[PDB]
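In case you want the letters, here they are:
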Amino acid sequence: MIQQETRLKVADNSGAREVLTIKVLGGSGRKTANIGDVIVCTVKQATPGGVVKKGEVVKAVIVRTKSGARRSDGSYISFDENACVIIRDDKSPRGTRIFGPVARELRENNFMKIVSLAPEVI
Amino acid sequence: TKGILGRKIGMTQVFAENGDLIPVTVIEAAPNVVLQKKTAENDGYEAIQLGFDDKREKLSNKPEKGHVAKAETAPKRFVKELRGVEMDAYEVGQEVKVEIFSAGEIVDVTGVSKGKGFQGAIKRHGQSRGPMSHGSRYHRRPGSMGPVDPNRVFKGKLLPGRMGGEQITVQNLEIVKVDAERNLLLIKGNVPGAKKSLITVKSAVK
Amino acid sequence: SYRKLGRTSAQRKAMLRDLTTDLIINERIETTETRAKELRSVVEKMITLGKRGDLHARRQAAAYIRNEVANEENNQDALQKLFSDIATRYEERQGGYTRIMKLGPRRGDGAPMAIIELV
Amino acid sequence: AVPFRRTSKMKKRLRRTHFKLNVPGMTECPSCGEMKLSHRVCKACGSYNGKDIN
Amino acid sequence: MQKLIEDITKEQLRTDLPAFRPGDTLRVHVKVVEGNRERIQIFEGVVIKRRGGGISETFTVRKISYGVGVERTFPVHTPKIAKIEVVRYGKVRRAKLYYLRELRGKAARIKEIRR
RNA sequence: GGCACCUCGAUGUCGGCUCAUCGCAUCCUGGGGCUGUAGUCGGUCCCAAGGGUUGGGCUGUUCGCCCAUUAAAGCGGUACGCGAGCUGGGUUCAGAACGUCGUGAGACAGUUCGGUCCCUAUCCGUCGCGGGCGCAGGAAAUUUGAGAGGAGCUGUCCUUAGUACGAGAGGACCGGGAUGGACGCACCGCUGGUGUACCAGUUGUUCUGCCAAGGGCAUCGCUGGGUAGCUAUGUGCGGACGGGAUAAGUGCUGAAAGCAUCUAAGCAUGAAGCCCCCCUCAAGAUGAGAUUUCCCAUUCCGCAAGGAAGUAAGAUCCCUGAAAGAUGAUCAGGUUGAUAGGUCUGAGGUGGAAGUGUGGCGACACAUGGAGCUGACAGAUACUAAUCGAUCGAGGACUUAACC
């Protein structure tokens, strides 16, 4: 459960390091975000050389959280931290290379592009 | 329509030949017996009232014993009735067992709820409570009564009271497996009521 | 569940330990009803423990019951008196070593007394 | 938090109509002679269920 | 109740499982289907928990992946865990080994008991 | 704003929190008319109050402005709703200061820092829960439903179909399908949380004569877990299909008034709107309903008006309890019995007990041995307690039909 205002770690080469969820999208008032959904956010700290600077509102999807994610078989997927990747509105990531393991939920949410550039999918 | 009455023994999960995991509700139902066939021309409507499980002769009294002696069975502890059934389908004194249901059928379920007792408004109706700090002496109080001009509080301002014990119906449940050998039922989902209690199961009106 | 006896866990545990030691001391207790009801089960698991009667059993029962004098001329402490005499007496009855006799309540507060004896 | 009017006599009695306390339940003792509660040992004869208790 | 539960779930609980303690390390095969293309993703890791009973028995397993530790959970008796085998026998003390999430990198040693 | 009509032997004044409720002059969702409405979008107007109508930054602020979402971020009334419910930031005390005014004490709908918010609920009213009585005998169950409540909200994607329309751009109506947001209901198998008589490690001190092994206290001494029960952030489901009568609207036929004309006579269609369909309560519904089953119409007195005194069916007192519980109540039980506690077997949890022996100077590690322990959990077991008792509780008026 990623929540409004939660600070997130970034896992791509877009140059953002810490981002800040503006709030989540979907319904009018969505109190929660689990794995897979786009969240609009601002970037709190960033690399010097990067496509995104410090402090602009961007759109992103969380790709791994520490709270569990439930699959229909009975398994759960969970991690040690929270991470997201910046997506421009073409529904494909802004960075060209991402890091670390990524969940399978971004398959059935139509995200083959970031799924392919993922270094590893569990 | 069709339906049976049973006793809720428990609930667990069962795999269904595909990899997904399916929590299930376990209900044992000894074969019920129709005791009376309520008909329209005297009762004002048609129904069948049926009994579920037995009693000892100590707890059996003479009036209900005479009532049961028409169908010539053991005395029945648990008796309920259903409406909308096929009138000529059931002869009085016949059984209903568990096999009239088949796996995959949508099902209306109805049972008494778990009793909880005198709980406050916070538990009872789930409206939020006041601040826990910044000087608040309004920790868990049930909200203002109402306006001033009507000079009284309206009916139905929702106040602390007893919970539970009031029968509730869950709609469109799906029976995943029936075990006629042990007289067991196994419905996906979660079924209301405490353990070893009443539970009645109906074919869904939807 | 199990009763609270109007006190928290420390002096509650001390209370039950003290009463069961008293039970083994004089085989007959006068006390109130609810103390008797929660007394029965615990003294009878110590009775099962003494029936077991091995060294692990000795140390386990030592960890709960306390050391009073029970037969002073033989200097018999409560542990050894239990573990020798009462286990040998009641080894055969596989449960139910306790009886409750209810009485009229006290003058002071109307608290319902009960008679506890080991039999 | 104050009584706005005095409570009249019939109101007072009408409230107190339930504050009467019930009789206990007596039963004739196993040992002869006297009255005893149910499920209590005998105060006078000192007996219960026919058995004697000191 | 638990009698009737285990008789109703005996036919579904699995049997081919080597008995394992929750301080050991395993590899588990899952038969995940992606695009109707059935394939096996192996998962190497260390048990962190073993909880439940009957077929409510479940266990879970940790792995460090690309500098990120991952939890993987399963019910014990799913049909779609294809193959499981022990690679190495661990020596621990706790029943539930929860602190491994904090302990990251080498200092998560699991000793080989060789038993 | 004007007037001063109740209140100065006190009617607490802004805003916020908790809680709603009503109106419609409708913000969205529903149905339509006109369009300077091609289509995607709109503008206005009409019918429509069923439901919904977001989180932040700033200021005490309502109000505003801004950021980001949403279908939409409605307007108002209820002592500018709601202080014997809460808040005290500001105004509205006593201290102190600044600017200004005054010779001065002092003053400013000028500012700034600080500044005691009492009440054990009597009666209505509200939410639950009991006792009595009534329902022309006395009981155990099952019901009918007058009549009350609640839910009654919506998006996105796929297809129809890049199809109608459009030089083009762009892009449908209607109809199917999948999935979600928010609410509500229910419930612990799963994810977890709690879990203070469960288990394990551990410091200080003290105690059990000493070692070992334990006890007490130190927030449950601390720390890691954890059964039942309760629980959400966890799981399952709902708001579907329909019917009837309609609103705005669209009509068919047709005169008054040879035509015309949805109109007066007739016949239709037509909404998230009304009544049902869904869920719950419900015969105190004094109009006290209905069904089935059992008990029978005894003993006395004034003989009779009618009483009293034992009873039947069936209950109660009392006792063991919980799935119920503030107590009442409900439900499971009370010796032909599994109700509760033991005992035994388990699940599950903690996890390698003591005591031995080995290795080691040693702290320690090994085998004995998934050992030892186990609150609520589930099966058996008459071991202990539900014993002897007692109390209450029927005997039934006029007429029409009908037959002893």
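Residues numbered from 1 in each chain as written, not as in the entry; some residues may be left out. Chains lettered and ligands numbered in written order. Part of a larger assembly, values for the part shown. Heavy atoms only, no water.

J.: What is the right way to read the overall build of chain B from this model?
T.: Helix and strand counts for chain B stand at three helices and 11 strands. Taken from the N to the C terminus, the helices and strands of chain B come in the order β-β-β-α-β-α-β-β-β-α-β-β-β-β. Relative to the globule expectation of 17 Å for 206 residues, the C-alpha radius of gyration of chain B, 23 Å, shows a markedly less compact shape. Principal-axis analysis of the C-alpha atoms gives chain B an extent of 70 × 50 × 35 Å. For chain B, the proportion of its 206 residues judged to be buried stands at 34%. Per element, the accessible surface of chain B, about 12,500 Å² overall, is 53% carbon and sulfur. The average position of the 35 basic charges and that of the 24 acidic charges among the side chains of chain B differ by 15 Å. (Helix = DSSP H or I, 4+ residues; strand = E, 2+ residues; numbered from the N terminus. Rg over C-alpha atoms; globule rule 2.2 N^0.38 Å. Buried < 20%, exposed > 50% of the residue type's maximum accessible area, 1.4 Å probe, protein only. Areas by Shrake-Rupley, 256 points an atom, 1.4 Å probe, with all protein chains shown as cover. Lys, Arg positive; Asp, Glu negative; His and termini not counted. Charge placed at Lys NZ, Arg CZ, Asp CG, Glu CD.)

J.: Sorry, what's going on with the packing of helix α1 (residues 9-26) of chain C against helix α4 (residues 78-89) of chain C here?
T.: Angle between the axes and distance between the axes are the two parameters that describe a pair of packed helices. Residues and elements named next belong to chain C. Two elements in contact, α1 and α4, have axes separated by 10 Å at closest approach and are oriented at 55°. On the basis of their axis angle, the class for α1 and α4 is oblique. Handedness of the crossing formed by α1 with α4: left-handed. Seen from α1, the contacting residues are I24, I25 and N26; seen from α4, they are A78, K81, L82 and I86. (Axes fitted to C-alpha atoms, helices over the stretch in contact; angles between N-to-C directions. Parallel < 35°, antiparallel > 145°, perpendicular 65-115°, else oblique. Left-handed = near helix turned anticlockwise from the far one by under 90°. Contact = heavy atoms within 4.5 Å.)

J.: Please clarify how the environment of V58 of chain A should be interpreted in this entry.
T.: Residues and elements named next belong to chain A. If you trace the backbone, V58 turns up in strand β4 (residues 57-64). With a relative accessible area of 9%, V58 lands in the buried category. Taking the C-alpha atoms as reference, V58 lies 22 Å from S116; in sequence the two are 58 residues apart. Other than its neighbours up to four places away in sequence, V58 contacts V40, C41, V52, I86 and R94.

J.: What is the right way to read the environment of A111 of chain C from this model?
T.: All names here are of chain C. Here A111 lies in the loop between β4 (98-102) and β5 (113-118). Judged by relative accessible area, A111 falls into the buried class, the value being 18%. Through-space distance from the C-alpha of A111 to that of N67 is 30 Å; in sequence the pair is 44 residues apart. Once residues lying within four places of it in the same chain are set aside, the contact partners of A111 are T32, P105 and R106.

J.: Which parts of the structure should I look at to understand the protein's contact with RNA strand F?
T.: The environment of RNA strand F is made up of 144 residues, and the closest members are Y45, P63 and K155 of chain B, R12 of chain C together with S38 of chain D. Expressed as a percentage, the sugar and phosphate content of the atoms of RNA strand F within 4 Å of the protein is 79%. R162 of chain B places a polar side-chain atom, nitrogen or oxygen, 2.8 Å from a base oxygen of RNA strand F. The greatest single-element share of the surface near RNA strand F, amounting to nine residues, is contributed by helix α2 (residues 33-52) of chain C. Residues belonging to the surface near RNA strand F are distributed by class as follows: 40 nonpolar, 49 polar and 55 charged. (Near = heavy atom within 4 Å. Polar contact = N/O pair within 3.5 Å; in protein donor to acceptor, adjacent residues only side chain to side chain. Nonpolar A, V, L, I, M, F, W, Y, C, P; charged D, E, K, R; others polar.)

J.: Is there a simple way to explain the interface of chain B and chain E in this structure?
T.: For interface size, the figure often reported is the accessible area lost on association. The partner chain E presents 14 residues to the 16 residues of chain B that form the contact. Interface area, chain B with chain E, both sides summed: about 1,300 Å², of which 70% is carbon and sulfur. At the junction of chain B and chain E, the tally comes to zero salt bridges. Summed over the shared surface of chain B and chain E, the result is two residue pairs in polar contact. At the level of secondary structure, the elements contributing two or more residues to the side of chain B that touches chain E comprise β1 (3-15), β2 (21-28), β9 (168-179) and β10 (184-188) of chain B. Across the side of chain B that touches chain E, the residue classes break down as eight nonpolar, four polar and four charged. (Buried area = accessible area lost by both parts, 1.4 Å probe. Salt bridge = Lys/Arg side-chain N within 4 Å of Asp/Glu carboxyl O.)

J.: It is not clear to me how the arrangement of the chains should be interpreted in this structure. Could you clarify?
T.: Looking across the four pairs of chains in contact, one finds the most contacts between chains A and E. With no contact formed, the shortest span from any C-alpha in chain B to any C-alpha in chain C equals 16 Å. The two partners chain B and chain D share no contact, and the minimum distance between any of their C-alpha atoms is 17 Å.

J.: Help me understand the pattern of salt bridges in this model?
T.: Two side chains carrying opposite charge are able to pair once their charged atoms lie near each other. This model, assessed by the stated rule, comprises 19 salt bridges over all chains. The partner of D80 of chain A in a salt bridge is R104 of chain E, and the shortest N-O contact between them spans 2.4 Å. Of this pair, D80 of chain A sits in the loop between β6 (76-78) and β7 (83-88) while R104 of chain E sits in the loop between β6 (90-91) and β7 (111-112), on two different chains. Take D80 of chain A: its relative accessible area is 21%, and that puts it in the partly exposed class. The network of salt bridges with common partners includes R104 of chain A together with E34 and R39 of chain E.

J.: How should the interface of chain A and chain E be read in this particular structure?
T.: Taken residue by residue, the interface counts 18 residues in chain A and 16 residues in chain E. Overall, the association of chain A and chain E removes approximately 1,500 Å² of surface from exposure, summing both partners, and the carbon and sulfur fraction of that is 55%. Considering only the side of chain A, the residues that lose the most area to chain E are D80, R104 and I122 of chain A, jointly responsible for 34% of the buried surface there. The interface formed by chain A and chain E includes two salt bridges. Notably, a salt bridge pairs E34 of chain E with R104 of chain A, separated by 2.8 Å at the nearest N-O pair. Among the elements that take part in the side of chain A that touches chain E, β6 of chain A stands out by supplying three residues, more than any other. Partitioning the side of chain A that touches chain E into residue classes produces six nonpolar, four polar and eight charged.

J.: Help me understand the nonpolar core, please; the structure alone is not making it clear to me.
T.: Generally speaking, a soluble globular protein has its nonpolar side chains buried in company with each other. In terms of nonpolar packing, the biggest core is built from 29 residues, with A16, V19, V63 and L106 of chain A touching the most fellow members. Every element with two or more residues in this core is listed here: β1 (7-10), β2 (16-24), β3 (38-46), β4, β7 and α2 (112-117) of chain A. Sort the elements by how many residues they give to this core and β4 of chain A lands first, with five residues. Those residues in contact with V19 of chain A, other than ones at most four positions away along the chain, are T6, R7, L8, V10, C41, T42, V43, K44 and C84 of chain A. In terms of nonpolar packing, the next biggest core, distinct from the first, is built from 21 residues, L50, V98, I187 and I199 of chain B among them. (Core = buried A, V, L, I, M, F, W, Y, C linked by side-chain atoms within 4.5 Å.)

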